[PDB]
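*Asks:* Mind looking over this structure? Questions follow.
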Amino acid sequence: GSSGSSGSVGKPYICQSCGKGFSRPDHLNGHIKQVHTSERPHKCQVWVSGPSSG
Ligand SMILES: [Zn+2]
């Protein structure tokens, strides 16, 4: 029951976001920065802000 365990013969650079595929590094990048591009929240400019953590 494998029916898998294979890739694509041509475009090795496969997007690690959706699964797309490209031939060049820059080409794929644009897609990840043109389609996947988005904004995400970050820490308060520090590892721990509260009383303690770890
Ligand atoms: Zn993608």
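Throughout, PDB author numbering is defined as the position within the sequence shown, counted from one, plus 400.
Positions of the beta carbon are idealized from the N, C-alpha and C atoms, including for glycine.
Let me make sure I understand the geometry here. Which of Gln434, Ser403, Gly407 and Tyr413 has the alpha-carbon closest to that of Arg424?
*Replies:* Ranking the options by Cα distance to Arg424, first place goes to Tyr413.
*Asks:* Is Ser408 near ligand 1, with its Cβ less than 7 Å from a heavy atom?
*Replies:* No - ligand 1 has no heavy atom lying nearer than 7 Å to the Cβ of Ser408.
*Asks:* When DSSP labels each residue in this structure, what does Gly421 get in the three-state scheme?
*Replies:* Of the three classes helix, strand and coil, the one that applies to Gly421 here is strand, per DSSP.
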